[PDB]
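Undergrad: If you scroll down you'll find the structure; I have some questions about it.
Bear in mind these aren't lab numbers, they're just calculated from the coordinates by the rules spelled out. Because the Cβ atoms are built from the backbone with ideal geometry, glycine has one as well, and the counts that use them run over all protein chains shown.
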Amino acid sequence: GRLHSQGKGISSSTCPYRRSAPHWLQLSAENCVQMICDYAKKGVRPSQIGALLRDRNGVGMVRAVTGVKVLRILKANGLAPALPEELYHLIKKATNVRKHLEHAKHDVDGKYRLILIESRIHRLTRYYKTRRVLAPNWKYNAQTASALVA
Amino acid sequence: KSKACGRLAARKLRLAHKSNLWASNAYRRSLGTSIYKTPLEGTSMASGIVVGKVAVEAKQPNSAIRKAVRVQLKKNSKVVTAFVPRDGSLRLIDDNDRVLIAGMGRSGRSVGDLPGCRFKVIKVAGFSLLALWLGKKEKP
Amino acid sequence: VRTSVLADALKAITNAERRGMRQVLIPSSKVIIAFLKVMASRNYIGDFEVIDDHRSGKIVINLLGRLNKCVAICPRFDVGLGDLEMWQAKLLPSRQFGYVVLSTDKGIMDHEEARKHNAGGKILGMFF
Amino acid sequence: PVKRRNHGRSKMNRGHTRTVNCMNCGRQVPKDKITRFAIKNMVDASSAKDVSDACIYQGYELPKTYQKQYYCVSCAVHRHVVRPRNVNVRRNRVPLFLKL
Amino acid sequence: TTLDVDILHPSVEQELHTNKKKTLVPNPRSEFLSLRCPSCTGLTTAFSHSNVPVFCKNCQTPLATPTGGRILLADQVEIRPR
RNA sequence: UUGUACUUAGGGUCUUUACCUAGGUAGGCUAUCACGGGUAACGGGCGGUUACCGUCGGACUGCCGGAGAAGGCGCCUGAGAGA
RNA sequence: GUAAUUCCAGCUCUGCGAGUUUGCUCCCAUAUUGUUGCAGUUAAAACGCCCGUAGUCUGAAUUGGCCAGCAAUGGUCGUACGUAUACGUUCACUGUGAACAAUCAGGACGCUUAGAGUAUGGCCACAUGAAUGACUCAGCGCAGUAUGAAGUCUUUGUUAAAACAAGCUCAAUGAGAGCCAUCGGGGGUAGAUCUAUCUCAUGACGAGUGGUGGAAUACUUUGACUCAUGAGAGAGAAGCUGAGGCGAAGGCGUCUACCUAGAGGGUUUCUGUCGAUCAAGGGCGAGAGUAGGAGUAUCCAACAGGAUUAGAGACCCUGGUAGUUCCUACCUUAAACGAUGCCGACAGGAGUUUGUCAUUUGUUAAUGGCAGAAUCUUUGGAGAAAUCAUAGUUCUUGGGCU
């Protein structure tokens, strides 16, 4: 957590050393492509989809089944989200904290942290417009915030 | 460390160097010019007519009256005090003569005990003081 | 941020040699592995193990205890044979030992190799 | 130069701290920078045996006053709560009492 | 012993004591536990850390429940290593 | 920054070009320093100082190229001049 | 300044020598202009903090192994089977080649030597030499690919039905987002609460009370001062409160409900380099100060008395308005201090302590992990020293930016 902050974090997952396996379990390449697409129909973000398979269907790495990452499977079938997931959550956070700063405007700690989210988005939207996921003409305003999250 | 080291970073180094020269007083003194508004006018030696004779005295701890003539210059028509070296020598100079003045030799500033004046008289009447003080040349 | 590896790693090896350790733990690379290989030919170092973690890598050096500094200078200056014998006089302490690892077109090799092959290139650092 | 690593302040990790008052100067000083918890007997000692003749309720426990005391450096030195000392034994961060 | 430490082939103690990432091969300390309520006879897989509270097919109450680290095993419930 | 930047047509020139006159667009340069100001500024081959890197000076420089004939301005003659 | 080893003279001695002082400009001395190559805790020197564009900087990964080695290279292992004996990315960088006077370096030659000059040497008609390099960045060609770049339009691309294993690496003790259980005086809004102080009303008493080193000004029988009950007001949250926690810094302490942010931990979730630092530019910013309302208890710049003093525009004392509190606009500074810029790595022990997890029934504990916060030391190195686990890894000089 080093970006907009004082602090040096180190805390995350570490992938298992062997991508292949495990023979001991029991799962299939074709059956797992159905189950990913199962949840994405009902409106879940790929960050949560892998976690449901981990905690229901004992799927450690989903790659280690299919040979394929989760977002590729959705885009292969042709049914991912339109916005990136990291971008979606920030604009959904930033519209909510701006809703708060209407009501009571004295918390400058709210204002200071409205920037540093609004700042984070303008970094990401640049990155995604290079990869050509969002078209040049796409924008983020206060008026256009609720249109994109919905 | 404490500066840009990278391959493409030669504009930062060249342009930052030009700024830091203006801290250096020698570059600052040369460039300002800044030297023209000077009695010498940046010339090592100057000449002109004596106005009179003045006694200016040393600071401290050195109790002594120094005897520096007032001299109008030729080219500027300014006036400036100027020290007369060697004992006697004020008597040798005469009133209302032409004299050649030069610097104290300190590259500006005020030299010894003697404040104010920054100038010494090299010649009088086209002869030179050393010859006069020694008495191997004459004045009428 | 890790600006450079070959720069960073040779600092850690030097801090082992001052202290007088037996072995050191360096994220690995393909220039760092070659830089260690070239000083292994001149017998400044022992013999080392470039381990896998499906990641950047690690190296475990085995120190022989015969080594004073590894620099790695940057930025990577171009150097060409006629120009080179200035960079010996600056960088090394003596004339009579210590080598200047530069990546010649053929590969990364000492100055003593590079003048034999007649190929200059960009320089990485030195050791002595 | 720096006299103390502390700077005479016992605060780490915080920009601001509250003020108190030396009892004598009445001076406003930060809390971080000469406190004593002070238990004195309310009657006295030589007064107490004269009192305990005239006490209603037999035996009794004659109470103690309690006071948290705040000074300040100027006030502390004048009263000999603290003094200056040698540069070596400045570091000594324990009080005078000692135990086995 | 600052100078000599053998770091190619360390002890079994020292691999467990060092951090998840700091080991010579980095790989996690977390595995899929098999589980069983003594009510049922159906053998349920689960991820030890979780996030989601675990149920079997049949009953209703969660088999394991979420904290920071490992799953908090509610009731008398047991683990078959497979 | 207003012939200022492109375009189409012309005049003019030894020729090409806003060089100049027309019609049609409204452009060009700029933090990689535009524009403006200063120079005790002719540019260059080079000269002085130095362990290397540099740094100061360059009217002359025993040569090269430019500009000027007291100050602007105009023109004839000619292969060639605003002599 | 009347004993001058520095003045004025003599004598002796010294330097350099047909030269030798004296002015001003200028380079070296000078790592005191720092690319090589300085310094910034206290000597002059780190923006008050955070965002942030131009700018500079940007983790790993792609055709090798093995034998003869002294290299150039030449064999073997791998056959990956496109063009249909040359064609299948360009650059930067390196080598090599083209291209482009005197002076500088340098070869030849006894101008009597030297600075110079291009000569000059052989008695029978001969032999020569007037080289080469540098001047030098850009532009131009072929050859080599270690490093460093660009090349690579994918909810499906290139030449109805084909083919390219068609393809978009890893999951960094880089970064972001998600999820889980905790944690904290992070911030805001609203209402209670607790004594204290002041005022006012009622009762009790009966001469002082205050205040000081000592007094006086001051309030007092139109009853103060203390004591008791009762009502109101505005401000503040004692003790717990510590080299303890949180916050970008400024800063943040009663309790309850409310909206809000995030660090750290855990994670066989997801993305895949999205990042570091920053001229401009943008916000936050103690206390004082300003403008307009709402308050006005305490304390109080000014001011007014009283003391002290030679004087006292002060220190001490008694009163006192602006301010001190709330709301809306401003101002933009502090010893805004760790007087220590930010990100990254490594280098030593020791026990404290805050959060949280792990293996144990030493479970409000023991040992160990990451992240904080300090400390100690007979440790190393640094420093002018004081001192500092960073101010170390720096003439053994170069991780990246300001």
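Undergrad: So in the range E:46-67, with the set limited to residues that are away from chain A (no Cβ under 11 Å) and surrounded by fewer than 14 Cβ atoms within 10 Å (Cβ to Cβ), which one is nearest to A:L25 (Cα to Cα)?
TA: Looking only at the range E:46-67, we keep the residues that are away from chain A (no Cβ under 11 Å), and these are E:56-63, E:65, E:67.
Okay, now just the ones that are also surrounded by fewer than 14 Cβ atoms within 10 Å (Cβ to Cβ), so E:57-61, E:67.
Details: E:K57: 19, E:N58: 22, E:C59: 24, E:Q60: 25, E:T61: 25, E:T67: 26 Å.
Ranking the candidates gives E:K57 first.
Undergrad: So, one more: Please determine, by comparing only the residues of the range E:18-32 that are within 16 Å of the chain's Cα centre (by Cα) and either more than 9 Å from chain A (Cβ to nearest Cβ) or in a loop (DSSP other than H, G, I, E, B) (or both), which one is farthest from RNA strand F (Cβ to nearest atom). Lay out the reasoning, then the answer.
TA: We begin by selecting, within the range E:18-32, every residue within 16 Å of the chain's Cα centre (by Cα); these are E:19-20, E:27-32.
From what is left, the residues that are either more than 9 Å from chain A (Cβ to nearest Cβ) or in a loop (DSSP other than H, G, I, E, B) (or both) are E:19-20, E:27-31.
Details: E:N19: 44, E:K20: 44, E:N27: 46, E:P28: 46, E:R29: 50, E:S30: 50, E:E31: 54 Å.
Here the answer is E:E31.
Undergrad: Within the range A:32-51, can one find any residue that is of a type outside the set (G, A, S) and within 11 Å of chain E (Cβ to nearest Cβ)?
TA: Within the range A:32-51, the subset of a type outside the set (G, A, S) is A:32-39, A:41-42, A:44-46, A:48-49.
From what is left, the residues that are within 11 Å of chain E (Cβ to nearest Cβ) are A:48.
Scanning the range A:32-51 turns up at least one residue that is of a type outside the set (G, A, S) and within 11 Å of chain E (Cβ to nearest Cβ).
Undergrad: I'm trying to understand the selection: among the residues of the range C:75-125, which are near RNA strand G (Cβ under 10 Å from one of its atoms), under 17 Å from C:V5 (Cβ atoms) and surrounded by 17 or more Cβ atoms within 10 Å (Cβ to Cβ)?
TA: C:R76, C:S103, C:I108, C:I123, C:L124, C:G125
Undergrad: Using the structure shown, decide if C:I45 is of a type in the set (A, V, I, L, M) and closer than 30 Å to A:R19 by Cα.
TA: Working: of a type in the set (A, V, I, L, M): yes; closer than 30 Å to A:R19 by Cα: no.
No; evaluated as a whole, the condition is false for this residue.
A quick yes/no check of all residues on (1) loosely packed, with under 10 Cβ neighbours inside 10 Å; (2) assigned to a helix (DSSP H, G or I):
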site	(1), (2)
B:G6	no, no
B:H17	yes, yes
B:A23	yes, no
B:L31	no, yes
B:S34	no, no
B:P39	no, no
B:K59	no, no
B:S63	yes, no
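Undergrad: Please find, among E:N51, E:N19, E:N27, the residue that is in contact with a helix residue (DSSP H, G or I) (Cβ under 7 Å, 6 or more places away or on another chain) and either within 11 Å of RNA strand G (Cβ to nearest atom) or β-branched (V, I, T) (or both).
TA: On the way: E:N19 fails: in contact with a helix residue (DSSP H, G or I) (Cβ under 7 Å, 6 or more places away or on another chain); E:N27 fails: in contact with a helix residue (DSSP H, G or I) (Cβ under 7 Å, 6 or more places away or on another chain).
Result: E:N51 is the single residue among E:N51, E:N19, E:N27 that is in contact with a helix residue (DSSP H, G or I) (Cβ under 7 Å, 6 or more places away or on another chain) and either within 11 Å of RNA strand G (Cβ to nearest atom) or β-branched (V, I, T) (or both).
Undergrad: Being exposed (fewer than 15 other Cβ atoms within 10 Å of the Cβ) and over 11 Å from the mean Cα position of the chain (by Cα), is that true of even one residue in the range B:99-111?
TA: No, because not a single residue in the range B:99-111 is exposed (fewer than 15 other Cβ atoms within 10 Å of the Cβ) and over 11 Å from the mean Cα position of the chain (by Cα).
Undergrad: If you don't mind, there's one more thing I want to ask. Kindly evaluate C:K30 against the criterion of being of a type in the set (K, R), more than 14 Å from chain B (Cβ to nearest Cβ) and either crowded, with 17+ Cβ neighbours inside 10 Å or within 30 Å of B:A4 (Cβ to Cβ) (or both). Explain how you work it out, then say what you get.
TA: Numbers: of a type in the set (K, R): yes; more than 14 Å from chain B (Cβ to nearest Cβ): yes; either crowded, with 17+ Cβ neighbours inside 10 Å or within 30 Å of B:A4 (Cβ to Cβ) (or both): yes.
So C:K30 passes the test.
Undergrad: Separate question: Within 20 Å of B:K120 (Cα to Cα) and within 15 Å of RNA strand F (Cβ to nearest atom): does that describe B:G42? Break it down into steps so the answer makes sense when it comes.
TA: Numbers: within 20 Å of B:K120 (Cα to Cα): yes; within 15 Å of RNA strand F (Cβ to nearest atom): yes.
Here the answer is yes, as B:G42 does meet what is asked.
Undergrad: Next question, about the same structure. B:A46 - would you say it is within 11 Å of RNA strand G (Cβ to nearest atom), part of a helix (DSSP H, G or I) and away from chain C (no Cβ under 14 Å)?
TA: For B:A46, the condition - within 11 Å of RNA strand G (Cβ to nearest atom), part of a helix (DSSP H, G or I) and away from chain C (no Cβ under 14 Å) - is not met.
Undergrad: Given the conditions (1) at positive phi; (2) of a type in the set (G, A, S); (3) within 16 Å of RNA strand F (Cβ to nearest atom), which single one is not true for C:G82?
TA: (1)
Undergrad: Here is a follow-up. Pairs needed: first member in the range A:117-135, closer than 16 Å to A:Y88 by Cβ; second member anywhere, among the hydrophobic types (A, V, I, L, M, F, W, C) and loosely packed, with under 10 Cβ neighbours inside 10 Å; C-beta distance under 7 Å; at least 6 residues apart or different chains.
TA: Every condition considered, no pair remains.
Undergrad: Next question. Since D:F37 meets every condition but one in (1) surrounded by 10 or more Cβ atoms within 10 Å (Cβ to Cβ); (2) part of a strand (DSSP E or B), which condition does it not meet?
TA: Of (1) surrounded by 10 or more Cβ atoms within 10 Å (Cβ to Cβ); (2) part of a strand (DSSP E or B), only one is false for D:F37: (1).
Undergrad: Could you give every pair whose Cβ atoms fall below 8 Å, whose first residue belongs to the range A:6-28 and is at positive phi, and whose second residue is surrounded by 13 or more Cβ atoms within 10 Å (Cβ to Cβ), counting only separations of at least 6 or pairs across chains?
TA: Final answer for the pair search is A:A21/A:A64.
Undergrad: Among the residues of the range B:1-27, write down those that are under 30 Å from B:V79 (Cα atoms) and within 12 Å of RNA strand F (Cβ to nearest atom). First the steps, then the outcome.
TA: Initially, the range B:1-27 is screened for residues under 30 Å from B:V79 (Cα atoms), giving B:25-27.
B:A26, B:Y27, listed by residue number.
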